[PDB]
Amino acid sequence: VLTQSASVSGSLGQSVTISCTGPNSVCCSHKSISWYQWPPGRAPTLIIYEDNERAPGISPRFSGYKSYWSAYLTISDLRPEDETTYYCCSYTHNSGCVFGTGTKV
Amino acid sequence: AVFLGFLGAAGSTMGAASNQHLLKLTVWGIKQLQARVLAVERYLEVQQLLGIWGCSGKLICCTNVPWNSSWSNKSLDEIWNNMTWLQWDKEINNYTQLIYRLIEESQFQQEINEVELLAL
Amino acid sequence: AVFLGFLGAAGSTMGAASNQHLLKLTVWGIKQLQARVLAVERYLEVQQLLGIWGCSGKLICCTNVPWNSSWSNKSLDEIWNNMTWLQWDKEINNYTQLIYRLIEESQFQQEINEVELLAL
Amino acid sequence: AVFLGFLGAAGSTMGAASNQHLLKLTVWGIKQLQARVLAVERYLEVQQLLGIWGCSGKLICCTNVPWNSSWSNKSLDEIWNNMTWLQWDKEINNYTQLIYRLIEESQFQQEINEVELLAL
Amino acid sequence: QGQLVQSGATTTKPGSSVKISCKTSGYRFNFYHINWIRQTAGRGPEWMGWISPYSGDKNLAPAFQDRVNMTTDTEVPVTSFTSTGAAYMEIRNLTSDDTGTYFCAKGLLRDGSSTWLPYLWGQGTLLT
Ligand SMILES: *[C@@H]1O[C@H](CO)[C@@H](O[C@@H]2O[C@H](CO)[C@@H](O[C@@H]3O[C@H](CO[C@H]4O[C@H](CO)[C@@H](O)[C@H](O[C@H]5O[C@H](CO)[C@@H](O)[C@H](O)[C@@H]5O)[C@@H]4O)[C@@H](O)[C@H](O[C@H]4O[C@H](CO)[C@@H](O)[C@H](O)[C@@H]4O)[C@@H]3O)[C@H](O)[C@H]2NC(C)=O)[C@H](O)[C@H]1NC(C)=O
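Just so you know, the sequences run in chain order A, B, C, D and E. Residues in the first sequence are numbered from 1 upward in steps of one, following the working numbering. Residues in the second sequence are numbered from 106 upward in steps of one, following the working numbering. Residues in the third sequence are numbered from 226 upward in steps of one, following the working numbering. Residues in the fourth sequence are numbered from 346 upward in steps of one, following the working numbering. Residues in the fifth sequence are numbered from 466 upward in steps of one, following the working numbering.
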């Protein structure tokens with residue numbers, strides 16, 4: 001029920017922007033948005049929690065943003081290993097992740 | 106004697122824990138005497154640091170020494186909402202003597218700026 | 226040693242009163258030794274309450290705990306212009322332990338509101 | 346135990362200097378015991394004057410008692426840029442007991458003016 | 466640090482009720498939530514639920530409200546901040562739609578807004 005970007009990609013040196021929006025029941029100005037770098041079938045990685053907070057060890061290139069209707073994930077200064085999939089969470093303090101449709105790069 | 110209630114939250118996160126007379130030199134008398142001296146010694150041992158840092162009578166005093174990131178690289182969510190005061194000490198126990206000297210001189214330089222300020 | 230001049234106005238109203246070395250374990254030496262330890266113990270016994278209530282270095286410190294009328298129903302003219310500090314204690318000596326805990330936490334909650342205030 | 350670093354500038358001008366356990370009553374044990382008691386006694390001896398003058402936790406506290414010129418007739422350039430804290434004491438050692446009583450009551454009258462001020 | 470090694474990739478047939486284990490190492494098992502999230506082959510990643518190894522409290526998804534039984538046995542202390550717990554999870558009327566890799570992950574923090582967020586994932590157990 002949480003849609004993202006269809007698909008996007010870039011070159012080594014530029015930046016991308018994976019959107020993440022949905023209806024009023026899943027987004028946004030009352031729920032937290034997290035971002036996962038999730039290669040399909042393998043162990044994922046938490047890249048962003050509650051809107052723009054970076055998880056420990058995350059490079060300062062993964063910057064987050066969240067307007068009143070959509071949350072964005074900028075992957076500035078791309079690397080060869082950044083080419084996987086990306087899903088966004090929709091959660092509060094006492095609930096569960098409502099994952100999105102996903103967006104490859 | 107005082108309280109071990111501080112210790113109630115020894116496993117809680119740092120954000121949760123913070124939020125007759127006559128002397129007789131019998132074997133028990135000498136034992137109970139040093140306990141009385143060992144209490145006032147350890148008490149003032151801490152209480153003179155609070156005084157020399159300009160924090161006497163305070164439980165939580167903010168200082169003016171910036172947080173040198175080489176002491177710890179963790180986030181404010183990784184500290185106050187994760188680590189306990191017992192384990193946070195082990196991570197920072199190397200720089201505790203290096204930090205206690207900065208708070209000691211931040212108070213000292215604040216005192217001379219006040220003696221120049223109140224002179225107007 | 227200090228002063229018994231405080232005691233000068235023990236019968237006055239509350240508004241008037243407020244306004245060599247070497248140790249030798251001889252019978253006198255052991256006697257004079259505990260007097261020295263019994264002084265610093267009783268001194269810090271009071272001085273740690275003043276510190277934990279946020280009143281160190283103060284003679285008269287105002288607090289933030291309202292006066293619960295169940296502690297005393299008398300008027301301000303019946304207290305400061307009538308009763309003496311010696312007899313006022315006997316009337317309120319039941320709630321002294323109940324009041325000392327409120328001043329202890331009024332200071333504690335004031336400390337966390339300052340660490341949020343000075344963060345701006 | 347504490348520091349003799351204060352003493353580093355004993356010849357400098359006043360403006361430069363300012364800017365295991367178990368007790369055993371052996372001959373060494375009794376010797377080392379009184380040293381522990383003689384430390385906390387001399388420490389609080391000074392620390393209670395700082396508290397009663399309204400200067401606890403302070404290194405340099407300004408007061409409200411004006412400088413009576415009969416204590417010293419020298420200039421501010423003759424004091425802070427000439428005399429050392431060691432010799433300045435000998436010149437003023439007569440009025441030290443007369444000054445310590447004024448700072449003691451300047452704090453006392455400041456306390457009653459605050460209890461009237463914060464009552465608004 | 467920490468590692469949440471999962472069970473074996475065992476596959477049964479529809480109607481079964483397979484159990485998946487998830488034993489931890491190198492961290493306080495009681496200090497963080499355990500979380501289970503599957504990745505269906507014909508669906509988006511689906512969050513199933515978390516339980517508190519300390520409080521013993523559970524909260525699952527509506528699509529698994531009366532279909533999943535997840536439990537945790539107590540931790541075996543190793544040091545003052547290391548434990549060795551285990552997390553088990555079952556499914557009720559399992560069908561061929563539940564085919565896919567299953568994951569177990571531990572919580573992000575132990576206080577705040579994102580307390581239970583699946584931070585440290587395990588290894589994965591492939592199902593039917
Ligand atoms: C010992 O150590 C453990 C683990 O380290 C500590 O347990 C953890 O405490 C933290 C902080 O208290 C918890 O984080 C909170 O999580 C709750 C989520 O629970 C809510 O949702 C449940 C399911 O919907 C619901 O059943 C709960 O309702 C009651 O029922 C349970 C039944 O057991 C009861 O135990 C609960 O206490 C409730 O009374 C519950 O509502 C979440 O609500 C919190 O978010 C709020 O608070 C934070 C501030 O803390 C704030 O930032 C948020 O915005 C929001 O306002 C918070 O996320 C964590 O879940 C606990 N468990 C873990 C980590 O496994 C324990 O406290 C320690 N005890 C001591 C004595 O040290």
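For every residue, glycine included, the Cβ atom is placed at its ideal position computed from N, Cα and C.
Around the beta carbon of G113(B), fewer than 16 other beta carbons sit within 10 angstroms, so the residue counts as exposed. For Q214(B), the uninterrupted alpha helix (DSSP H) run begins and ends at 201-222, by DSSP. DSSP links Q468(E) through a beta bridge to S490(E).
If you compare the alpha carbons of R557(E), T544(E), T476(E) with that of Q530(E), the shortest gap goes to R557(E). In terms of beta-carbon proximity, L394(D) stays away from the interface with chain B, with every pair separated by 8 Å or more. The shortest CA-to-CA distance from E221(B) to any of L395(D), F351(D), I405(D) is the one to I405(D). Look at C160(B): its C-beta is not under 8 Å from any C-beta on chain C. Contacts with chain B at 8 Å (Cβ-Cβ) include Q259(C). Within chain C, not a single residue places a beta-carbon under 9 Å from that of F351(D); the smallest gap is close to 21 Å.
Within chain B, the residues placing a beta-carbon under 8 Å from that of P56(A) are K179, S180, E183, ordered along the chain. For the pair of segments examined, the stretch 466-480 of chain E was found to touch the stretch 571-587 of chain E: the number of CB pairs separated by less than 8 Å reaches three. Between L130(B) and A140(B), the alpha-carbon positions lie close to 14 Å from each other. Ligand 1 has no heavy atom closer than 7 Å to the beta-carbon of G162(B). Rounded to the nearest angstrom, the gap between the Cα atoms of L181(B) and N169(B) is 18 Å. Within the DSSP secondary-structure output, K571(E) pairs in a beta bridge with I499(E), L585(E). Residues of the stretch 569-582 of chain E whose Cβ lies closer than 7 Å to any Cβ of chain B, in chain order: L574, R575, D576, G577.
Contact annotation: in the stretch 184-213 of chain B, residues whose CB is within less than 7 Å of a CB in chain E are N186, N187, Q192.
Put simply, the backbone Cα of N244(C) is about 8 Å away from that of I457(D). Linking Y497(E) to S561(E) through their CA atoms gives a straight-line distance of about 32 Å.
The beta carbon of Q452(D) sits closer than 6 Å to those of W398, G399, all from its chain and outside the five residues before and after it, given in chain order. Taking the Cβ of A114(B) as the reference point, at least one heavy atom of ligand 1 falls within a distance shorter than 7 Å. For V533(E), the uninterrupted beta strand (DSSP E) run begins and ends at 533-544, by DSSP. Contact with chain B is found for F546(E), since one of that chain's Cβ atoms lies less than 8 Å from the residue's Cβ. Against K403(D), the close residues of chain B are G159, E216, in the order they occur along the chain (beta-carbon pairs closer than 8 Å). Contact between the stretch 84-93 of chain A and the stretch 31-47 of chain A is present, with at least three C-beta pairs closer than 8 Å. About 7 Å separates the CB atoms of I502(E) and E511(E); that is less than 8 Å, so the two are in contact. In the three-state DSSP reduction, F529(E) falls in the helix class (H, G or I). For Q153(B), the uninterrupted alpha helix (DSSP H) run begins and ends at 132-157, by DSSP. The beta carbon of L128(B) falls within 8 Å of a beta carbon belonging to chain C, placing the residue at that interface.
Around the Cβ of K488(E), a 10 Å sphere holds 16 or more other Cβ atoms; the residue is buried.
Residue nearest to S237(C) within the set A226(C), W305(C), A264(C) is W305(C) (criterion: CA-CA distance). The residue from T84(A), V26(A), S15(A) with its alpha-carbon nearest to that of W38(A) is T84(A). At a Cβ-Cβ threshold of 8 Å, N524(E) and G57(A) do not count as neighbours.
Here the alpha carbon of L128(B) sits roughly 10 Å from the alpha carbon of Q137(B). Within its own chain, the residues whose Cβ lies closer than 6 Å to the Cβ of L591(E), once the five positions on either side in sequence are excluded, are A474, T566, listed in chain order.
Beta-bridge pairing by DSSP links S70(A) to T21(A).
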